>>> print(open('query.txt').read())   # compact mmCIF, C-alpha atoms and all ligand atoms
# COMPACT_ATOMS: atom_id res chain seq x y z
CA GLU U 269 75.17 88.42 49.98
CA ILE U 270 75.24 91.99 51.44
CA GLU U 271 71.89 92.39 49.54
CA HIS U 272 70.12 89.70 51.72
CA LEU U 273 71.29 91.43 54.96
CA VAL U 274 70.17 94.88 53.61
CA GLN U 275 66.68 93.53 52.75
CA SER U 276 66.59 91.79 56.22
CA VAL U 277 67.49 94.99 58.18
CA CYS U 278 64.86 96.96 56.10
CA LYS U 279 62.19 94.25 56.57
CA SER U 280 62.74 94.00 60.38
CA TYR U 281 62.83 97.87 60.58
CA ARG U 282 59.53 98.13 58.57
CA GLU U 283 57.91 95.56 60.94
CA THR U 284 59.27 96.90 64.30
CA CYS U 285 58.79 100.74 64.03
CA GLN U 286 55.95 101.44 66.55
CA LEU U 287 54.16 104.07 64.35
CA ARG U 288 53.79 104.20 60.52
CA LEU U 289 55.59 107.21 58.86
CA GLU U 290 52.37 108.16 56.91
CA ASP U 291 50.38 108.34 60.22
CA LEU U 292 53.03 110.59 61.97
CA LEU U 293 52.99 112.97 58.94
CA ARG U 294 49.14 113.00 58.65
CA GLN U 295 49.07 113.81 62.43
CA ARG U 296 51.39 116.91 62.18
CA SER U 297 48.30 119.22 61.90
CA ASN U 298 47.09 117.71 65.28
CA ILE U 299 48.88 119.85 67.95
CA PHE U 300 48.28 120.05 71.75
CA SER U 301 46.13 123.04 72.88
CA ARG U 302 47.69 125.36 75.56
CA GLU U 303 44.93 123.83 77.83
CA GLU U 304 46.37 120.34 77.12
CA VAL U 305 49.96 121.73 77.64
CA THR U 306 48.81 123.27 80.99
CA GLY U 307 47.30 119.83 81.90
CA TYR U 308 50.69 118.06 81.42
CA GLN U 309 52.67 120.83 83.18
CA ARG U 310 50.26 120.52 86.20
CA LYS U 311 51.07 116.78 86.74
CA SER U 312 53.46 115.60 89.51
CA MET U 313 57.07 114.69 88.61
CA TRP U 314 56.20 111.10 89.75
CA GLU U 315 53.22 110.92 87.35
CA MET U 316 55.03 112.38 84.28
CA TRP U 317 58.07 110.05 84.83
CA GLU U 318 55.89 106.93 85.25
CA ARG U 319 53.96 107.69 82.03
CA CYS U 320 57.20 108.48 80.02
CA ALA U 321 58.97 105.46 81.61
CA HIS U 322 56.04 103.26 80.35
CA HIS U 323 56.43 104.65 76.75
CA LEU U 324 60.25 104.13 76.78
CA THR U 325 59.87 100.48 78.01
CA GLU U 326 57.38 99.65 75.18
CA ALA U 327 59.82 101.25 72.62
CA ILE U 328 62.77 99.11 73.88
CA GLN U 329 60.66 95.94 73.21
CA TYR U 330 60.33 97.08 69.53
CA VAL U 331 64.20 97.49 69.36
CA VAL U 332 64.52 93.99 70.96
CA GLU U 333 62.14 92.62 68.26
CA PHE U 334 64.15 94.63 65.58
CA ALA U 335 67.41 92.88 66.77
CA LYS U 336 65.86 89.37 66.93
CA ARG U 337 64.36 89.52 63.36
CA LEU U 338 67.65 90.76 61.79
CA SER U 339 69.57 87.54 60.98
CA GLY U 340 73.22 87.40 62.01
CA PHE U 341 72.06 88.82 65.40
CA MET U 342 70.27 85.54 66.46
CA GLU U 343 73.52 83.63 65.54
CA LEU U 344 75.59 85.67 68.06
CA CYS U 345 75.95 84.01 71.52
CA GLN U 346 73.07 84.92 73.94
CA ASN U 347 75.53 86.87 76.21
CA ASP U 348 76.54 89.13 73.26
CA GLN U 349 72.87 89.58 72.17
CA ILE U 350 72.18 90.87 75.74
CA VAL U 351 75.31 93.12 75.93
CA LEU U 352 74.49 94.87 72.57
CA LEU U 353 70.77 95.46 73.37
CA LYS U 354 71.32 96.81 76.93
CA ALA U 355 74.16 99.09 75.59
CA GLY U 356 72.25 100.30 72.45
CA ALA U 357 68.40 99.77 72.78
CA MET U 358 67.72 103.30 74.24
CA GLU U 359 70.27 104.92 71.80
CA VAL U 360 68.20 103.20 69.00
CA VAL U 361 64.89 104.52 70.55
CA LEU U 362 66.39 108.07 70.52
CA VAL U 363 67.50 107.83 66.81
CA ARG U 364 64.01 106.50 65.89
CA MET U 365 62.12 109.43 67.46
CA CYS U 366 63.55 111.83 64.76
CA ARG U 367 60.72 110.39 62.49
CA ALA U 368 58.12 111.62 65.07
CA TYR U 369 59.87 115.07 65.14
CA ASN U 370 58.62 118.09 63.06
CA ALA U 371 61.58 120.51 62.55
CA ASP U 372 59.08 123.00 60.98
CA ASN U 373 57.69 123.82 64.50
CA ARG U 374 60.11 122.04 66.96
CA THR U 375 57.24 119.61 67.93
CA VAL U 376 57.44 115.86 68.76
CA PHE U 377 54.55 113.31 68.51
CA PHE U 378 53.48 112.28 72.08
CA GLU U 379 50.36 110.39 73.30
CA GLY U 380 48.26 111.15 70.20
CA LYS U 381 49.25 114.75 69.26
CA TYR U 382 52.34 117.00 68.66
CA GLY U 383 53.89 119.34 71.31
CA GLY U 384 57.08 121.34 72.12
CA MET U 385 59.65 120.71 74.93
CA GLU U 386 57.44 122.84 77.33
CA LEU U 387 55.01 119.81 77.53
CA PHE U 388 57.66 117.84 79.59
CA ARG U 389 58.27 120.57 82.27
CA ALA U 390 56.91 118.32 85.14
CA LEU U 391 59.88 115.86 84.46
CA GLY U 392 62.09 118.62 86.02
CA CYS U 393 64.91 117.82 83.46
CA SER U 394 64.70 120.76 80.98
CA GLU U 395 68.45 120.30 80.06
CA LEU U 396 67.77 116.62 79.06
CA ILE U 397 64.52 117.42 77.09
CA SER U 398 66.53 120.20 75.30
CA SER U 399 69.32 117.66 74.48
CA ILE U 400 66.65 115.30 73.02
CA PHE U 401 64.97 118.02 70.80
CA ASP U 402 68.38 119.40 69.62
CA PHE U 403 69.55 115.82 68.72
CA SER U 404 66.19 115.10 66.90
CA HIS U 405 66.42 118.46 65.03
CA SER U 406 70.06 117.65 63.92
CA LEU U 407 68.92 114.18 62.80
CA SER U 408 65.77 115.40 60.97
CA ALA U 409 68.16 117.66 58.94
CA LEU U 410 69.57 114.49 57.18
CA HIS U 411 66.12 113.71 55.63
CA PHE U 412 66.82 109.96 56.12
CA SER U 413 65.01 107.42 53.88
CA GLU U 414 63.50 104.41 55.79
CA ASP U 415 66.39 102.29 54.33
CA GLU U 416 69.08 104.79 55.55
CA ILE U 417 67.61 104.92 59.13
CA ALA U 418 67.15 101.07 59.23
CA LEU U 419 70.86 100.55 58.28
CA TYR U 420 72.08 103.34 60.62
CA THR U 421 70.12 101.98 63.68
CA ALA U 422 71.50 98.47 62.86
CA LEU U 423 75.07 99.88 63.20
CA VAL U 424 74.05 101.72 66.46
CA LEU U 425 73.25 98.16 67.76
CA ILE U 426 76.00 95.98 66.10
CA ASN U 427 79.01 97.69 67.73
CA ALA U 428 82.05 95.46 68.41
CA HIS U 429 83.50 97.97 70.98
CA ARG U 430 80.70 97.50 73.62
CA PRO U 431 82.43 96.32 76.83
CA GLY U 432 81.62 92.76 78.03
CA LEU U 433 81.43 90.96 74.63
CA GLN U 434 82.30 87.20 74.65
CA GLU U 435 82.76 86.54 70.84
CA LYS U 436 84.13 90.04 69.88
CA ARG U 437 85.17 88.67 66.39
CA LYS U 438 81.64 87.45 65.38
CA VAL U 439 80.27 91.02 66.17
CA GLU U 440 83.14 92.85 64.27
CA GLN U 441 82.28 90.62 61.24
CA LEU U 442 78.53 91.45 61.33
CA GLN U 443 79.34 95.18 61.96
CA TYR U 444 81.90 95.28 59.08
CA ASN U 445 79.23 93.67 56.78
CA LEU U 446 76.61 96.34 57.81
CA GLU U 447 79.28 99.03 57.21
CA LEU U 448 80.07 97.76 53.64
CA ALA U 449 76.27 97.65 53.00
CA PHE U 450 75.71 101.18 54.42
CA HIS U 451 78.77 102.79 52.74
CA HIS U 452 78.07 101.11 49.36
CA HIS U 453 74.30 102.05 49.52
CA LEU U 454 75.08 105.73 50.39
CA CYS U 455 77.87 105.97 47.69
CA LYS U 456 75.68 104.37 44.95
CA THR U 457 72.88 106.98 45.77
CA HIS U 458 75.30 109.99 46.14
CA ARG U 459 74.06 110.31 49.79
CA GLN U 460 77.62 109.79 51.20
CA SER U 461 77.82 113.48 52.38
CA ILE U 462 75.36 112.78 55.34
CA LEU U 463 78.18 110.66 57.02
CA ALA U 464 79.88 113.99 58.08
CA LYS U 465 76.63 115.32 59.68
CA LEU U 466 76.12 112.12 61.83
CA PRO U 467 76.63 112.45 65.63
CA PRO U 468 79.74 110.76 67.17
CA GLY U 470 79.39 108.73 72.45
CA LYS U 471 76.97 111.72 71.80
CA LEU U 472 74.07 109.15 71.81
CA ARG U 473 75.69 107.64 75.01
CA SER U 474 76.40 110.95 76.92
CA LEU U 475 72.90 112.34 76.02
CA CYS U 476 70.94 109.93 78.31
CA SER U 477 73.73 109.00 80.89
CA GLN U 478 72.52 111.74 83.35
CA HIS U 479 68.96 110.31 83.92
CA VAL U 480 68.60 106.64 82.57
CA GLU U 481 68.95 104.34 85.69
CA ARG U 482 66.02 106.46 87.12
CA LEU U 483 63.62 104.28 85.00
CA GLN U 484 64.20 101.07 87.09
CA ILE U 485 61.70 102.27 89.87
CA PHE U 486 58.89 102.65 87.23
CA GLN U 487 57.79 99.20 85.81
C1 LIG S 1 54.08 105.01 71.80
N1 LIG S 1 55.49 105.40 71.95
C2 LIG S 1 56.03 106.59 71.66
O1 LIG S 1 55.38 107.50 71.14
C3 LIG S 1 57.50 106.87 71.85
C4 LIG S 1 58.47 105.83 72.34
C5 LIG S 1 59.75 106.64 72.29
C6 LIG S 1 59.31 108.12 72.22
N2 LIG S 1 57.90 108.03 72.64
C7 LIG S 1 57.22 108.83 73.48
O2 LIG S 1 56.05 108.72 73.81
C8 LIG S 1 58.03 110.01 73.94
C9 LIG S 1 58.15 110.98 72.95
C10 LIG S 1 58.91 112.11 73.14
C11 LIG S 1 59.55 112.34 74.34
CL1 LIG S 1 60.53 113.85 74.48
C12 LIG S 1 59.44 111.38 75.36
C13 LIG S 1 60.13 111.54 76.71
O3 LIG S 1 61.50 111.15 76.57
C14 LIG S 1 62.29 110.85 77.64
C15 LIG S 1 61.91 111.19 78.93
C16 LIG S 1 62.75 110.89 79.99
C17 LIG S 1 63.94 110.22 79.77
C18 LIG S 1 64.31 109.86 78.47
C19 LIG S 1 65.48 109.17 78.21
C20 LIG S 1 66.42 108.77 79.32
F1 LIG S 1 67.42 108.33 78.64
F2 LIG S 1 66.52 109.91 79.87
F3 LIG S 1 65.65 107.91 79.91
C21 LIG S 1 65.78 108.84 76.89
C22 LIG S 1 64.91 109.19 75.87
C23 LIG S 1 65.27 108.82 74.47
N3 LIG S 1 63.78 109.87 76.12
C24 LIG S 1 63.48 110.19 77.40
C25 LIG S 1 58.68 110.22 75.15
CL2 LIG S 1 58.59 109.02 76.46
>>> encode(input="query.txt", output="structure tokens")
Amino acid sequence: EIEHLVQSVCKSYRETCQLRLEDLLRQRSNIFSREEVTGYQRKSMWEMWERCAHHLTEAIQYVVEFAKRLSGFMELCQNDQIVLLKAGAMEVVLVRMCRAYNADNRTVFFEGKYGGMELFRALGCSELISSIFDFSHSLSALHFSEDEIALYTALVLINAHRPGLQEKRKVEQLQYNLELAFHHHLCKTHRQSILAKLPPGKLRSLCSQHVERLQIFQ
């Protein structure tokens, strides 16, 4: 039953999102002072990367837990479970941060409060931080429901075209099932128009430039 899988994806998503959606929205009034922004900008590139690296690592463990709890995934061979997570975990982290993004004031939720891209200046990757805000702004524009983002992030993960898959049929099958679920659920709710406004490799290319940098922080 497609309906079991849908309820499973939504359950796991509800249980594995690091921050509650009510808490992010209640916190949108809480914005970093220019003093606080100065404090972050003053930090060494080493310090800012270590502290962001730490946050990213923690987030990936929530995507790992999201994958493990969503049944059909645990039935794939361990090799394929590893290939899909390493290929998609960060892309899933990126999609998720659009919930912690306020398009009203181009702010993202970060270590307790909200701030703009100028907070991350010490990373010395303004291009990349701009890519991340732009992508979050585009995604916020869809006004996803929790169910829509749960099902979308499941398809970000269950992708039969990832290189290095052993049982490429068993992944196609799960992906095809998630597609039927997602397409049916959008069509039944007249939400099918958002499929045009979804990014293409654009999740892949976004982080390519800077990602293997994280290995020397851990
Ligand atoms: C408690 N946890 C949190 O609040 C969450 C976890 C995910 C977002 N987050 C942050 O604290 C956080 C919030 C906003 C931003 Cl802009 C950032 C910094 O983001 C990144 C900086 C460097 C590299 C990043 C890269 C790449 F791929 F480049 F590593 C990729 C992604 C997607 N984000 C990068 C971070 Cl680390």
>>> closest_atom_pairs(input="query.txt", of="region 357-453 of chain U", to="region 316-319 of chain U", cutoff="8 Å", atoms="only C-alpha atoms", output="Markdown table")
| residue | atom | partner | partner_atom | distance |
| --- | --- | --- | --- | --- |
| U:388 | CA | U:316 | CA | 7.7 |
| U:390 | CA | U:316 | CA | 6.3 |
| U:391 | CA | U:316 | CA | 6.0 |
>>> residues_near_ligand(input="query.txt", ligand="ligand LIG 1 (chain S)", cutoff="6 Å", atoms="all atoms listed in the file", output="PDB file with C-alpha atoms, keeping the file's coordinate frame")
ATOM      1  CA  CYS U 320      57.200 108.480  80.020  1.00  0.00           C
ATOM      2  CA  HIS U 323      56.430 104.650  76.750  1.00  0.00           C
ATOM      3  CA  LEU U 324      60.250 104.130  76.780  1.00  0.00           C
ATOM      4  CA  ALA U 327      59.820 101.250  72.620  1.00  0.00           C
ATOM      5  CA  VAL U 361      64.890 104.520  70.550  1.00  0.00           C
ATOM      6  CA  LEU U 362      66.390 108.070  70.520  1.00  0.00           C
ATOM      7  CA  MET U 365      62.120 109.430  67.460  1.00  0.00           C
ATOM      8  CA  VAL U 376      57.440 115.860  68.760  1.00  0.00           C
ATOM      9  CA  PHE U 378      53.480 112.280  72.080  1.00  0.00           C
ATOM     10  CA  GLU U 379      50.360 110.390  73.300  1.00  0.00           C
ATOM     11  CA  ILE U 397      64.520 117.420  77.090  1.00  0.00           C
ATOM     12  CA  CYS U 476      70.940 109.930  78.310  1.00  0.00           C
ATOM     13  CA  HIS U 479      68.960 110.310  83.920  1.00  0.00           C
ATOM     14  CA  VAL U 480      68.600 106.640  82.570  1.00  0.00           C
TER      15      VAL U 480
END
>>> axis_aligned_box(input="query.txt", around="region 423-441 of chain U", padding_each_side="8 Å", output="AutoDock Vina command-line options")
--center_x 79.2 --center_y 94.1 --center_z 69.6 --size_x 27.9 --size_y 31.2 --size_z 32.8
>>> residues_around(input="query.txt", residues="residue 334 (chain U)", least_positions_apart="4", cutoff="9 Å", atoms="all atoms listed in the file", output="VMD selection string")
chain U and resid 277 280 to 281 283 to 285 329 to 330 338 422
>>> atom_distance(input="query.txt", atom1="CA of residue 343 (chain U)", atom2="CA of residue 441 (chain U)")
12.0 Å
>>> closest_residue(input="query.txt", among="U:354, U:381, U:405, U:451", to="residue 298 (chain U)", atoms="all atoms listed in the file")
U:381
>>> closest_residue(input="query.txt", among="U:355, U:289, U:342, U:301", to="residue 367 (chain U)", atoms="all atoms listed in the file")
U:289
>>> atom_distance(input="query.txt", atom1="CA of residue 420 (chain U)", atom2="CA of residue 483 (chain U)")
25.8 Å
>>> residues_around(input="query.txt", residues="residue 339 (chain U)", least_positions_apart="4", cutoff="12 Å", atoms="all atoms listed in the file", output="number ranges by chain")
U: 270, 272-280, 333-335, 343-344, 349, 422, 426, 442, 446
>>> atom_distance(input="query.txt", atom1="CA of residue 456 (chain U)", atom2="CA of residue 357 (chain U)")
29.1 Å
>>> residues_around(input="query.txt", residues="residue 326 (chain U)", least_positions_apart="5", cutoff="10 Å", atoms="all atoms listed in the file", output="compact mmCIF listing (two decimals) with C-alpha atoms, in the frame of the given file")
# COMPACT_ATOMS: atom_id res chain seq x y z
CA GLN U 286 55.95 101.44 66.55
CA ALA U 321 58.97 105.46 81.61
CA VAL U 331 64.20 97.49 69.36
>>> residues_near_point(input="query.txt", point="(56.8, 120.7, 64.2)", cutoff="8 Å", atoms="all atoms listed in the file", output="PyMOL selection string")
chain U and resi 296+369-376+382-384
>>> write_last_selection(input="query.txt", atoms="C-alpha atoms", output="compact mmCIF listing (two decimals), in the coordinates of the input")
# COMPACT_ATOMS: atom_id res chain seq x y z
CA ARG U 296 51.39 116.91 62.18
CA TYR U 369 59.87 115.07 65.14
CA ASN U 370 58.62 118.09 63.06
CA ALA U 371 61.58 120.51 62.55
CA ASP U 372 59.08 123.00 60.98
CA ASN U 373 57.69 123.82 64.50
CA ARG U 374 60.11 122.04 66.96
CA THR U 375 57.24 119.61 67.93
CA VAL U 376 57.44 115.86 68.76
CA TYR U 382 52.34 117.00 68.66
CA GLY U 383 53.89 119.34 71.31
CA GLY U 384 57.08 121.34 72.12
>>> closest_residue(input="query.txt", among="U:474, U:421, U:306, U:297", to="residue 450 (chain U)", atoms="all atoms listed in the file")
U:421
>>> closest_residue(input="query.txt", among="U:443, U:484, U:399, U:408", to="residue 472 (chain U)", atoms="all atoms listed in the file")
U:399
>>> closest_residue(input="query.txt", among="U:435, U:315, U:416, U:481", to="residue 460 (chain U)", atoms="only C-alpha atoms")
U:416
>>> closest_residue(input="query.txt", among="U:413, U:295, U:427, U:461", to="residue 352 (chain U)", atoms="only C-alpha atoms")
U:427
>>> residues_around(input="query.txt", residues="region 464-470 of chain U", least_positions_apart="5", cutoff="9 Å", atoms="only C-alpha atoms", output="PDB file with C-alpha atoms, keeping the file's coordinate frame")
ATOM      1  CA  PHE U 403      69.550 115.820  68.720  1.00  0.00           C
ATOM      2  CA  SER U 406      70.060 117.650  63.920  1.00  0.00           C
ATOM      3  CA  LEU U 407      68.920 114.180  62.800  1.00  0.00           C
ATOM      4  CA  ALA U 409      68.160 117.660  58.940  1.00  0.00           C
ATOM      5  CA  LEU U 410      69.570 114.490  57.180  1.00  0.00           C
ATOM      6  CA  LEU U 475      72.900 112.340  76.020  1.00  0.00           C
TER       7      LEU U 475
END
